[PDB]
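Here Cβ is always computed from backbone atoms with ideal geometry, including for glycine, and neighbour counts include all displayed protein chains. Laboratory data are not the source of any read-out in this text; all were calculated from the coordinates shown.
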Amino acid sequence: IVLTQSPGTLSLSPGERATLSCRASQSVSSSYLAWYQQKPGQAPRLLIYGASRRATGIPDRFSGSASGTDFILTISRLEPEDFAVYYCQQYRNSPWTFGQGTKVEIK
Amino acid sequence: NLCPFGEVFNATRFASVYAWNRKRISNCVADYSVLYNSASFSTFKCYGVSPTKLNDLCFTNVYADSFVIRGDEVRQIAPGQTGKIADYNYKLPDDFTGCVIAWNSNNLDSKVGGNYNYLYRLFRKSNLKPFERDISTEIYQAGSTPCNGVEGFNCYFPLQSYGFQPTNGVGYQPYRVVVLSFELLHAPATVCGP
Amino acid sequence: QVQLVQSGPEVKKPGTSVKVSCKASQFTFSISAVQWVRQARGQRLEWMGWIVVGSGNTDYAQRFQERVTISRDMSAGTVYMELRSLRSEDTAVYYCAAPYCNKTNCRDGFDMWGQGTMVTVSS
Ligand SMILES: *[C@@H]1O[C@H](CO)[C@@H](O[C@@H]2O[C@H](CO)[C@@H](O)[C@H](O)[C@H]2NC(C)=O)[C@H](O)[C@H]1NC(C)=O
C-alpha cells in the first residue's frame with residue numbers, strides 16, 4: 001500500500017486550526033493506522049492510533065477522523081511547539097509503509 | 001494384570017506440550033520398581049511420595065500425562081514454577097501429589113534439518129488452572145482491536161513450533177516428559193504394586 | 001524505566017555487518033512485537049521490518065530482504081538487526097518501536113521509541 005500526505009508544506013500562523021490529509025491507495029481499516037510527530041532532534045512520538053483515538057499524554061487539541069481512503073487530523077489551536085513534521089503509518093497489510101511527511105512552518 | 005506402562009513410556013509418537021496426552025490408569029498392579037531402577041531417565045523428581053516406597057502406597061487413579069519439551073524448561077515442570085510452559089501450556093498445582101519422569105529423546109525425535117512437528121503455546125488471555133488443557137488455536141488479540149482471524153499487527157498465532165535438529169545442545173534437545181499424578185478419592189483404590 | 005536502550009553511534013566500513021541493538025527495560029518482552037524503522041538525515045522514515053519476539057516470526061521490507069536479519073533473544077531480552085554489506089547510503093538513524101505490552105495485552109500502536117542509533121558507513 002502506498003501512502004500519500006497532503007499538503008506538502010503547511011505555512012500557517014500559531015493559534016488557528018490546521019488539517020492534515022492522508023490518502024491510502026486502497027481501503028485500509030481505520031483501527032490499524034496511526035500518525036506520529038517528529039521534531040528534528042529526537043525520535044518521532046506517537047500521537048494518534050486507530051485513526052480516531054487519543055493517545056496517552058497528548059493534548060486534546062489534536063484529533064483524528066475520516067475513513068477508508070481518506071484520513072484527516074485537525075489541530076484546533078496551533079502552538080509553536082506543535083511546529084514539527086507529521087507522519088502516517090498503516091500497519092494492516094505488509095509492508096507498513098510510512099507517509100512522506102507533512103511539515104508545518106510559521107508564516 | 002500389570003499396568004500398561006510400556007504403552008506410555010515407549011509410545012512411537014508423543015503429543016505436543018500444548019495438547020499433552022492424558023492416559024488414565026486404574027485397576028492394575030503397577031511395578032514401579034522397574035520404572036524407578038530403569039536408570040534411563042535424566043530426571044525422576046517426585047513430590048509427596050517417597051520414590052523408593054512408592055510401590056507400597058496405593059492411590060486410586062494414576063494419571064499419566066505425556067508430552068515433549070526442550071531440556072532447559074524441564075525444571076519448569078514442578079509445583080509452583082513459572083515460565084512460558086508453566087503459564088501457557090501445562091501447569092502443576094502447588095500441592096501437587098505424584099512424580100515426574102523426564103528423559104532425553106534426541107536420538108528418537110530429532111530429524112535432520114529440524115523436526116518442526118512439535119508445538120507449544122506462547123500467548124493466552126489468562127494463566128492456566130492446575131491440569132488445565134487449552135487446545136484452542138484461535139488467533140490471539142494483543143490489543144483492543146478485533147482483527148477477525150487475520151494475521152497482522154497484534155494478531156499472533158499463539159502456537160510456535162520447536163526447531164528440533166540433531167546439532168542442538170542439551171538446552172534445545174527434546175526431552176520426553178511423563179508426569180504421574182496419583183489421584184486419591186473416595187474410591188476402593190484398586191491400584192498398587194506387588 | 002520503560003526504555004528501549006540502543007547502542008551508541010557506530011562507524012562501520014562498507015561491506016561489513018553491524019548489529020544494531022535494542023535492549024528492553026522495565027517491560028515484559030515475551031508478548032511484545034518490535035518493529036524497526038530507518039531515517040536518513042533529513043529524509044522520511046522507512047519501516048525497516050518487524051518481528052514478534054515471542055514466536056520469532058519476522059517480516060522484512062521488499063527492498064531490504066537481502067542484507068537485513070532481525071532476530072530476538074529472550075535470554076537477554078534484546079533485539080538485534082544484522083545489517084550485512086553496508087554501503088555509503090546506510091548512514092542513518094535506526095529506531096526501535098514496540099507497543100506497551102503487559103503479560104497478556106498490548107497497546108494498539110507503536111508508542112515507545114528508543115533514542116535511536118546513528119550509523120555511518122564509509123571508508
Ligand atoms: C521400553 O522399551 C525398552 C526396549 O525397547 C525396554 O527396555 C527393555 O526392558 C526389558 C524389560 O523391561 C528388559 O528385559 C530389556 O533388557 C530392556 N532392554 C533395554 C535395551 O533397555 C523398556 O523397559 C521399555 N520401557 C518400559 C517402561 O517398560
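Looking at the range B:96-134 only, could you name the residues that are over 16 Å from B:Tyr175 (Cα atoms) and either among the aromatic types (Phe, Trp, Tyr) or within 14 Å of chain C (Cβ to nearest Cβ) (or both)?
B:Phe96, B:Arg121, B:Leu122, B:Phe123, B:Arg124, B:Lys125, B:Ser126, B:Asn127, B:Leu128, B:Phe131, B:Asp134, listed by residue number.
Check B:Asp31 against each of (1) within 16 Å of the ligand (Cβ to nearest atom); (2) surrounded by 15 or more Cβ atoms within 10 Å (Cβ to Cβ); (3) not polar (S, T, N, Q) and name the one condition it does not meet.
Just one mismatch for B:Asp31, condition (2).
For the range B:1-28, give me each residue that is of a type in the set (A, V, I, L, M, F, W, C) and either away from the ligand (no atom under 16 Å from the Cβ) or more than 19 Å from the chain's Cα centre (by Cα) (or both).
Once the filter is applied, which keeps residues that are of a type in the set (A, V, I, L, M, F, W, C) and either away from the ligand (no atom under 16 Å from the Cβ) or more than 19 Å from the chain's Cα centre (by Cα) (or both), the range B:1-28 yields B:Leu2, B:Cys3, B:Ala15, B:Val17, B:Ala19, B:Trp20, B:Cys28.
Scan the range A:72-99 residue by residue and report those that are of a type outside the set (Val, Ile, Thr) and within 14 Å of chain B (Cβ to nearest Cβ).
A:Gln89, A:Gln90, A:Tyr91, A:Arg92, A:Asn93, A:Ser94, A:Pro95, A:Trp96
Taking only the range C:1-43 into account, find how many residues are in contact with a helix residue (DSSP H, G or I) (Cβ under 8 Å, 6 or more places away or on another chain) and within 17 Å of C:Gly114 (Cα to Cα).
Summing the residues that are in contact with a helix residue (DSSP H, G or I) (Cβ under 8 Å, 6 or more places away or on another chain) and within 17 Å of C:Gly114 (Cα to Cα) in the range C:1-43 gives 1.
Name the one entry in C:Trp50, C:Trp36 that is within 16 Å of C:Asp90 (Cβ to Cβ) and aromatic (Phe, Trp, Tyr).
On the way: C:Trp50 fails: within 16 Å of C:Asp90 (Cβ to Cβ).
Among C:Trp50, C:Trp36, only C:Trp36 is within 16 Å of C:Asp90 (Cβ to Cβ) and aromatic (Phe, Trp, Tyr).
Which of the strands (runs of 3 or more DSSP E) contained wholly in the range C:11-55 include at least 1 residues that are without any contact (Cβ under 8 Å) to a residue 24 or more places away in the chain? Walk me through it before giving the result.
Numbers: elements: C:18-25, C:33-39, C:45-52.
Correct list: C:45-52.
Out of everything in the range C:90-123 that is surrounded by fewer than 20 Cβ atoms within 10 Å (Cβ to Cβ) and hydroxyl-bearing (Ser, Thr, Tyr), what residue ends up being farthest from the other protein chains (Cβ to nearest Cβ)?
Filtering the range C:90-123 for residues that are surrounded by fewer than 20 Cβ atoms within 10 Å (Cβ to Cβ) and hydroxyl-bearing (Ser, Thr, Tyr), the one farthest from the other protein chains (Cβ to nearest Cβ) comes out as C:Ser123.
Anything in the range C:95-123 that is more than 20 Å from B:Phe153 (Cβ to Cβ) and not in a loop (DSSP other than H, G, I, E, B)? List them, or say none.
Step one: list which residues in the range C:95-123 are more than 20 Å from B:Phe153 (Cβ to Cβ), which gives C:115-123.
Within the range C:95-123, C:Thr117, C:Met118, C:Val119, C:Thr120, C:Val121 qualify.
Consider B:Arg70 against the criteria (1) within 16 Å of the ligand (Cβ to nearest atom); (2) within 14 Å of chain C (Cβ to nearest Cβ): it satisfies all of them except one. Which criterion is unmet?
The number of the failed condition is (1).
Looking at the range C:69-89, is at least one residue within 12 Å of chain A (Cβ to nearest Cβ) and outside any loop (DSSP other than H, G, I, E, B)?
Looking through the range C:69-89, none of the residues is within 12 Å of chain A (Cβ to nearest Cβ) and outside any loop (DSSP other than H, G, I, E, B).
Can you say whether B:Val100 is buried (at least 17 other Cβ atoms within 10 Å of the Cβ), in contact (Cβ under 8 Å) with a residue 24 or more places away in the chain and within 29 Å of B:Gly48 (Cβ to Cβ), as far as the supplied structure shows?
So B:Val100 passes the test.
Which fully enclosed strands (runs of 3 or more DSSP E) of the range A:1-71 have 1 or more residues being away from chain C (no Cβ under 14 Å) and in contact with an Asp or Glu (Cβ under 7 Å, 6 or more places away or on another chain)?
It comes to A:9-12, A:18-24.
Could you list, ordered by first residue, the pairs with Cβ atoms under 7 Å in which the first is in the range B:6-17 and within 14 Å of another protein chain (Cβ to nearest Cβ) and the second is within 9 Å of the ligand (Cβ to nearest atom) and of a type in the set (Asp, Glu), at least 6 apart or interchain?
Listed pairs, sorted by first residue: none to list.
Given the criteria among the polar types (S, T, N, Q) and more than 13 Å from chain B (Cβ to nearest Cβ), does C:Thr58 qualify? Step through it out loud before you land on a result.
Values: among the polar types (S, T, N, Q): yes; more than 13 Å from chain B (Cβ to nearest Cβ): no.
Answer is no for this residue.
Identify, please: which residue in the range B:34-47 is near the ligand (Cβ under 10 Å from one of its atoms) and over 19 Å from the mean Cα position of the chain (by Cα) and is, among those, farthest from the other protein chains (Cβ to nearest Cβ)?
Per the criteria, the residue is B:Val34.
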